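Reading the structure
This is what each chain is made of:
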Amino acid sequence: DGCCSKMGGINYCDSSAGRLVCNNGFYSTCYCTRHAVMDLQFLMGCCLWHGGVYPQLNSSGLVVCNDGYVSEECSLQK
Amino acid sequence: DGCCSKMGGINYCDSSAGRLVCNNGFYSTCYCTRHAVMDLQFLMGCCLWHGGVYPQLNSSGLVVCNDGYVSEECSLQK
Amino acid sequence: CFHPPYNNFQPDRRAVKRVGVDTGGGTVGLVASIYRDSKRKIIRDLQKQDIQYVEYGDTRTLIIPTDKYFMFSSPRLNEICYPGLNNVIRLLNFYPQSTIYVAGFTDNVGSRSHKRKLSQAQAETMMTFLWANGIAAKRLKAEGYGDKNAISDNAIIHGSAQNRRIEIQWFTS
Amino acid sequence: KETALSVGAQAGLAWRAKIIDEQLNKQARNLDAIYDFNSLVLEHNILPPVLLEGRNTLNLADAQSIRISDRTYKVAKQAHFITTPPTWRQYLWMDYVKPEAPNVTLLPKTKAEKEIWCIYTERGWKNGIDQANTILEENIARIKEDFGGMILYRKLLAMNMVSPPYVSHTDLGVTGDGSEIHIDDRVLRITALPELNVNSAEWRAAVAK
Amino acid sequence: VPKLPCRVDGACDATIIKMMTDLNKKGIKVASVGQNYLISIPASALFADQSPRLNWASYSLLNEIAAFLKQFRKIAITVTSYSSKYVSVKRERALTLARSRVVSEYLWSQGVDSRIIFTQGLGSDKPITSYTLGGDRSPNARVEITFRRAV
Amino acid sequence: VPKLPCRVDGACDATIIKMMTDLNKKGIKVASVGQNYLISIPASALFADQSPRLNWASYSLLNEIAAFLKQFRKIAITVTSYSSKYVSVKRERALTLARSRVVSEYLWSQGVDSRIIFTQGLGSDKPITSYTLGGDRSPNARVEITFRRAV
Amino acid sequence: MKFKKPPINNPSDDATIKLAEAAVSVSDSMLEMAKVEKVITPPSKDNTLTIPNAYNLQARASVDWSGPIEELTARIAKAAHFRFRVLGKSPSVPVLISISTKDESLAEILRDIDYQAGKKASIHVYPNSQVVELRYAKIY
Amino acid sequence: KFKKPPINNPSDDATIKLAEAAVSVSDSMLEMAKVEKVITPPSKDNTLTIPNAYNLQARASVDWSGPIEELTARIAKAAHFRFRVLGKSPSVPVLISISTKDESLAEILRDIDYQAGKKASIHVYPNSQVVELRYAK
Amino acid sequence: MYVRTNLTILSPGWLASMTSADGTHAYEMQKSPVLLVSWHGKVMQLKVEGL
């Protein structure tokens, strides 16, 4: 909520930096573009390190990845 | 709207210049003819710098210029 | 009373005006004069302006922004921000012994020869402006470098803005 | 609601279009300063052709097969006649039509409807901002590629990598019947398009001091 | 037509006659005949004695002059500088040239809607009043601007 | 935004500047210019008299410096020690090297977000105050950490 | 006891940022290729030999212009009190030039005009005869 | 009193970067043309100058576009000078096109020779009041 | 499109051109609502309605 907390305030968003600038000349620690450097190391989804989810839908709950490897963690159990 | 204010009032519209002439012998800065010299830098419409809009109406939301290019900003999106 | 064009190169008589308008009150005028002539107030006003002051050890440095304090792309010096320059002269009056080195910096864009000449022109202008306020000519040395030792990144925009500057260093003894 | 975020996307796209067109109109002189096509033309009112570079090429076609090369170059668009030099407005002035007709099929009647209308219209507004910026980035990359191709042809011709274009001009005297006449007949045709020369022995070096 | 530009930007002939009436009753000469427009100023309201330096109050008059000349649409501006006979030919010619240079530079720095600026300084070679008692206090020492209004 | 990181973890510029003020009122020099930053520390509140042994009370200030240093995103940190001449060249050089080494050791032991750290010590070969009345108590004996903050 | 960096001004715009980012690369490419062109091809002479200065040509001029050469050079000549002369038939393709300069010599302005013109045309000055002559190219 | 700043000023970092880039590219293209332009020397250019004969200083107006020889013959008759030709007229005529409202005959002949170029030239002699059209080989 | 003025057009690039004795230009060009000219050294945008 507070980017330039105890500081002046937002001047602009440098998209080369992907970051805001405070009224004082320090590089503000606040994201403004999605094209910044986020060191995210946890992820989401299914069929990762594979071809992704195959676009078909099945009568069964069995969902395969696009490279052909099956995924029991995404396919529902019985 | 009264262009020859604080002067003699309007005499006529010299359309050789496309400018109003007042009863005072000075050139009025208002224009009165379409065939007259403006100084404009902004335009409207889409499919510009091209053949204009294609005359036919595409069934989908796409619009296309006469040289074949498609203006996605004028076109309707999803 | 006071002239905007650098007061026509004369040391000012300001505290007399301050105590006169205080009487219009001598003691309160005197304490206001000494508080406004205090060094810390001058440094606070300098940092209220866009000028950076650095002291660490026996060496002191001043940082001036070229684009905000000059006409662009030319050694013509902008004089709209003259109160900062006047207070700079007031500060530099306090240290009448050590020599002063001044250097110029620009960014990495264009001919390196062009950067060198632009920095040298800025150095010459700052050199003669500091000389003309009354300090002796052999107390000064000026140099203008291009992008040799940048303290910022050229590729990022705010750092590219921060790179071009005027550096002033001086010792004590 | 989905139509509401759609019309919010429309409004945001048009608003960023107007803003970027004002900003681009603000810097008219420097664009013509930097994109001197009229200097970049050649002497016979001919557009120099377009070249593309490439360094350190590696391809793994499949197993047991690797093809590598150091550099390569590509003719993109062949040289041709031109009449007036192109300007930046032919590549950068993105179109704009303001939509002033939001037909609200789903009017708000509850404050919760007003609030979800606000948040989804905000989402559409941001999406329109992102789309406009993407469009601008695509256009500026395209025109940068064009200028780089022109400059690449000029310097490869400087380095003796391409033959210059060759033009034959034929001039004839008066012509026509007793009713229609043209007083002289000058016809220019380019018999040799520019192309690469594979004989590397004619190449020359380059130094700086 | 309402979408079309009805008049030029900031065009008001009431303001035009207001500022020219203020300048004429102030004393700086402004004359108009046909399309040709001349404005003359004495150097005593512009400089000090025999010196190409600007006093800080003069920028108000410079702003008024710029506001007047930006009102019209034009192509070429010609300014010229005239001096008294003080020492020589070289010194007076260079002083006139420098004064024309600095006023042209300030005018281009301000928002002038013109494309050509011409400066020329002469000195004391085209006088007006043969009465030549004063120095820079003389009315002959002057600076003139001129243009033709374009359409 | 509900899944994308809105901020870098543990980022608070108010915390940054309040501990900057607290450090400078503690008397540890903090220098900020460009993207380069310097933290300079007197050795008297850190070590023993010409001895490479940490005092126990110094670990609170070391924890403070680590808490400040973990805030930014760095790549490389450089630390260098300086002292006064007491015996020779070699003893002073090795003492500076050992002091910088143990400081770097505890700093790597804490979770600093750096990839590269360099440690160095130069004895007394860079005096910053010609007034050299004291020895270890003189303020020219020092330790400096330095980095450049990027992106 | 506040802290700030020196450069602070009005806020920027992302399109201008991307424009500058492209323009830096374009500029350095043009710089290095100007260097390699100058190295591999040596000059021979100077156009200041053909266009010498003279007195009353030292009037200062600041000029912005983006049109054909004709009326621009004509107003230059009528400022110079010289004789405007045209040599060769006018080309079918119009000749266009662009100038954005600040307070230069008239003679240097002329040399800049001819340098921007290149192979299409040439300028000669006969100051004894007070004649400014232009001439088109003899090709086609 | 007051001193307003320059109104159209690049007060922004992007703007000043753009402006100095524009300076660089303008300078680079300028020196490119400077080092690539070919210029004839003024002491060796092969064009005909003004002979300063008094009878050639008269003024006229000609809008002609055709062959060269009859035009030169009528020009010589207007100058009351004699006319000579050397060489052979080729099959394709040498073509010229001069449109002017007020000009003198000396620079008329100068631009005639300039439009002639290589295949023909002209000489003018004031000792014996003659003009001569010379073909090439 | 066929156009007649006494200025010089720039933007689309024409196919055919013709010039009077007095200095009037006429052109034959591909259809477009936009024109660019240099009026008297000033760049000028010219608007066409009716296509």
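Summary of conventions: residues on each chain are numbered from 1 in written sequence order, possibly unlike the entry numbering, and any residue without coordinates is omitted from what is shown. Written order determines the labels here, with chains lettered from A and ligands numbered from 1. Chains on display form part of a larger assembly; values are given for the displayed part and nothing beyond it. Side-chain metrics rest on all non-hydrogen atoms present in the structure, leaving aside hydrogens and water.

As deposited, the entry is annotated with cryo-EM as its determination method and 4.6 Å as its resolution.

**Brief notes about the interface of chain G and chain H**
Inclusion rule: Between two residues, a contact is recorded if the distance between any of their heavy atoms is within 4.5 Å. Throughout, buried area stands for the accessible area (probe radius 1.4 Å) lost by two parts on being put together, summed over both. Whenever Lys or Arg places a side-chain nitrogen within 4 Å of a carboxyl oxygen from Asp or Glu, that contact is recorded as a salt bridge. For the purposes of these results, a polar contact is taken to be a pair of N or O atoms within 3.5 Å, where, inside protein, one atom must be able to donate a hydrogen and its partner to accept one; residues adjacent in sequence count only when each atom of the pair is a side-chain atom. We count a stretch as a helix when DSSP gives it H or I for four or more residues in a row; a strand needs E for two or more, and each element gets its number in order from the N terminus.
Counting residues at the interface gives 40 residues for chain G and 29 residues for chain H. Here chain G and chain H share an interface that buries about 3,000 Å² over both sides, 62% of which is from carbon and sulfur atoms. Together, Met30(G), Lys89(G) and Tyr115(G) form the three largest contributors to the area buried by chain G at its contact with chain H, with a combined 20%. At the boundary of chain G with chain H, the tally comes to 2 salt bridges. As a salt-bridge pair, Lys37(H) and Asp114(G) come within 2.8 Å of each other at their nearest N and O atoms. Inspection of the region where chain G meets chain H yields 12 residue pairs in polar contact. Contributing elements (two or more residues each) for the side of chain G that touches chain H: α1 (14-40), β2 (83-87), α3 (106-117), β4 (121-126) and β5 (131-136) of chain G. Counting residues per element, the side of chain G that touches chain H draws most heavily on α1(G), which supplies 12 residues.

**Remarks on empty space enclosed by the protein**
The condition is simple: Every definition here rests on a 1 Å grid over the protein atoms only: cavities are sets of points where a 1.4 Å probe fits but cannot get out, pockets are open sets enclosed by protein on both sides within 12 Å along at least five of seven lines, and lining residues have some atom within 4 Å of a point. Grid points are joined across faces, edges and corners, and a volume is the space filled by probe spheres set on the points. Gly is placed with the polar residues, together with every amino acid not listed as nonpolar (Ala, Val, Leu, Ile, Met, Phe, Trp, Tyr, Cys and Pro) or charged (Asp, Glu, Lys and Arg).
In this model, the largest cavity occupies a volume close to 410 Å³. Residue lining of the largest cavity: 24 residues in total, with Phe72(C), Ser73(C), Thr106(C), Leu118(C) and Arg164(C) positioned closest to the centre. Residue assignment for the lining of the largest cavity shows that the elements contributing at least two residues are α4 (66-69), β3 (100-105), α6 (112-131) and β5 (165-170) of chain C together with α1 (13-36) of chain H. Broken down by element, the residue count for the lining of the largest cavity peaks at 5 residues, all from α6(C). Here the lining of the largest cavity is composed, by residue class, of 9 nonpolar, 8 polar and 7 charged. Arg19(A), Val8(F), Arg73(F), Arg149(F) and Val151(F) are, among the 15 residues lining the second largest cavity, the residues nearest its centre.

**Focus on the nonpolar core**
Inclusion rule: Think of a nonpolar core as a cluster: buried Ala, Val, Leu, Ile, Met, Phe, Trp, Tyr and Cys residues, connected wherever their side-chain atoms sit within 4.5 Å. Exposure is judged per residue with a 1.4 Å probe applied to protein chains only, and the accessible area is read against the type maximum: over 50% gives exposed, under 20% gives buried, and values in between give partly exposed.
The biggest cluster of nonpolar side chains holds 29 residues, and the ones touching the most others in it are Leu31(D), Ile34(D), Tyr35(D), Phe37(D), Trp88(D) and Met30(G). For this core, the elements supplying multiple residues, two or more each, are α2 (28-34), α3 (37-40) and α5 (111-158) of chain D, α1 of chain G together with α1 of chain H. By size, the runner-up hydrophobic cluster in this structure holds 28 residues, among which are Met19(E), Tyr37(E), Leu46(E) and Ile77(E).

**Side note on helix α3 (residues 105-116) of chain H**
Rules: An expected span of 1.5 Å times one less than the residue number is assigned to each helix.
Spanning 12 residues, α3(H) covers 16 Å between terminal C-alpha atoms, matching the ideal 16 Å at 1.5 Å per step. Among all positions in α3(H), only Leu105(H), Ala106(H), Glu107(H), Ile108(H), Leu109(H), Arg110(H), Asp111(H), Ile112(H), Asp113(H), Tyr114(H), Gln115(H) and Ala116(H) are buried. Buried positions along α3(H) lie against β2, β4 and β5 of chain G together with α2 (69-78), β3 (95-104) and β4 (120-125) of chain H. Phi turns positive, to about 75°, at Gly117(H), one or two residues after α3(H).

**Describing a nonpolar patch on the surface**
Filter applied, for reference: Patch membership requires over 30% relative accessible area and the absence of a salt bridge. Like charges are linked within 9 Å, and nonpolar side chains (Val, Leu, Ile, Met, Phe, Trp, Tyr) within 5 Å. Using a 1.4 Å probe, the Shrake-Rupley method yields the accessible areas, and only the shown protein chains count as cover for residues.
A surface patch of nonpolar side chains, about 470 Å² in accessible area, is lined by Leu58(D), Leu60(D), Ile66(D) and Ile68(D). Inspection of the secondary structure assignment puts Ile68(D) in strand β3 (residues 65-75).

**Let's talk about the interface of chain E and chain G**
Many structure descriptions define interface size as the accessible area lost when the parts assemble. Rules: When DSSP finds at least two bridges between two strands, those strands are taken to pair.
At the junction of the two partners, chain E supplies 11 residues and chain G supplies 16 residues. For the pair chain E and chain G, the summed buried area comes to about 1,200 Å², and 56% of that belongs to carbon and sulfur atoms. The interface formed by chain E and chain G contains 2 salt bridges. Here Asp103(G) makes a salt bridge to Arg101(E), at a shortest N to O gap of 2.8 Å. Applying the counting criterion to the chain E and chain G interface returns 5 residue pairs in polar contact. Contributing elements (two or more residues each) for the side of chain E that touches chain G: β3 (74-82), α3 (90-109) and β4 (116-123) of chain E. Class assignment of the residues belonging to the side of chain E that touches chain G gives a composition of 7 nonpolar, 1 polar and 3 charged. Strand direction decides the pairing type here: β4(E) and strand β1 (residues 61-65) of chain G, joined by 3 bridges, are antiparallel. Looking at β1(G), one finds that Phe118(E) is bridged to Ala61(G).

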